[PDB]
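This document opens with one chain alone, in structure tokens, the form deposited in one PDB entry.
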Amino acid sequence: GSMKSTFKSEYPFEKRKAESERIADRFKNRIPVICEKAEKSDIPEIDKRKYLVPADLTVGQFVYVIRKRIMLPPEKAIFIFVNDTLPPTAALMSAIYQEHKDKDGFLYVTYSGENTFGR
């Protein structure tokens, strides 16, 4: 038939579009943040493409959720850096976005388990 078989296994939750509605009202202030994966990293490519980040989001908050996003174990950890830059946790995304604001308005961030830097 044309219809579809509803099942919990498939978990159409995310497949639903109504979600965007509630999120559109619950989260008014948001910025287009796109996390990319480096080529010289052993970190797996995250499934979630777009990341609805609020204008009041902080680096620390993003890093905390990140671990839960990739279901990464405690044995290891990862961090997000923009243009080879790793700002503090207090650093507000809304502030870092205006600085690294793409030529056509767009936040660019990279996630990995390394910084390739030293002390």
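The numbering used is simple: start at 1 and walk along the sequence shown.
This next part talks about the form solved in complex with a partner chain, which is not shown.
In the entry with it bound, the partner chain sits within 4.5 Å of a heavy atom belonging to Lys76. Heavy atoms of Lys37 never reach within 4.5 Å of the partner chain in the entry with it bound, leaving it off the interface.
Three-residue candidate spot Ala95, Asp104 and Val109; no residue lies within 4.5 angstroms of the partner chain in the entry with it bound by any non-hydrogen atom.
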